């Protein structure tokens, strides 16, 4: 039983020598000088280099570093008997001191099925969330509150209604919305709930509210329990600012048992480099799903700061792969989203995804209501097998969106 870590290395010196050094150094430390009796005893703890895929030197990279760097993908097996069954131990064992060793980037971690079972996975996942909001088949639609910092509850309820009236399935707090006297955590939940039921009463639409769960680590479980008692729909959580283990703890607490939406804030401090850090498929995908996230918002492959398409798809695949002993986490491509992008979003990510209108929904000529109507009309068009403009001809909200932001061509 061993966790196999896959790394990308750049180095002036022999890669194989470095790999062997890591396998031994990060496990038992010494081997050759140990008596036969000890070797047999410590055999089970010995790390091993599983594979080394030599890559071609990159002129671009060599020019950047001003030296000749050999490149290779290295796989190392770490016996699970070497560390405790928790994410902090996993990270320190596979990328602790090693993260300081020059150019090394963690690309993936493969866990033996038995080890994975010691972790929760999402409590609800895609299936559970779809039931909770009552929406099947079509992708979901969500938006974000705009300009709430410094505002009061009346403003919150008013803004929440507009978004719900626009037909969005879920509305979340801005990740930078923290608790205050004006907007207490518990009040956002209860006031928001009342407002959303009123909307159901009038339009027949069911909308959930993902409230930001913030503050100090050791106060999270108590407030989350309170949120659960108050009937909070979803808990938005800036996991990367707290640690993966905290997400897991929230997921495993039976007194909480509320869906958890993981926000990507701060993940960018770790994922972008070509030579260092941790790949997004692992940091935002595999690990967040295993830790308990029901929703995972990540950089979309569209817009001004689009994530490389294959990287974005890789995240979605890790979140939904049915080979994992966990429920699927909802992939939520975020940033650079507008109605004209719906056909591409569905083509790239499928129907089990969430169209995140973000705060941009408010930028529609007719406010959030018009913005939500445009998105819902666009989603229906794709499911009805029609081009957006065909639906736009019958839906003013959508036509206004198209004239404002256009339609992204999907024809290959």
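Residue numbers count along the first chain shown, from 1.
If you average the C-alpha B-factors over 263-271 and over 163-171, the higher value belongs to 163-171. Checked against the record, the higher mean CA B factor of 217-225 and 69-77 lies with 69-77. Among 34, 378, 351, 361, the highest C-alpha B-factor in the deposited entry belongs to 34. For the set 86, 108, 294, 198, the PDB entry assigns the largest Cα B-factor to 198. The deposited CA B-factor of residue 356 belongs to the lowest third of values across its chain. In this PDB entry, the Cα temperature factor of residue 321 sits in the middle third of its chain's modelled residues. Ranked by Cα temperature factor within the chain, residue 191 sits in the highest third according to the deposited record. Remark: residue 311 belongs to the highest third of its chain, ranked by C-alpha B-factor as recorded. Compared with the other modelled residues of the chain, the Cα B-factor recorded for residue 332 ranks in the lowest third.
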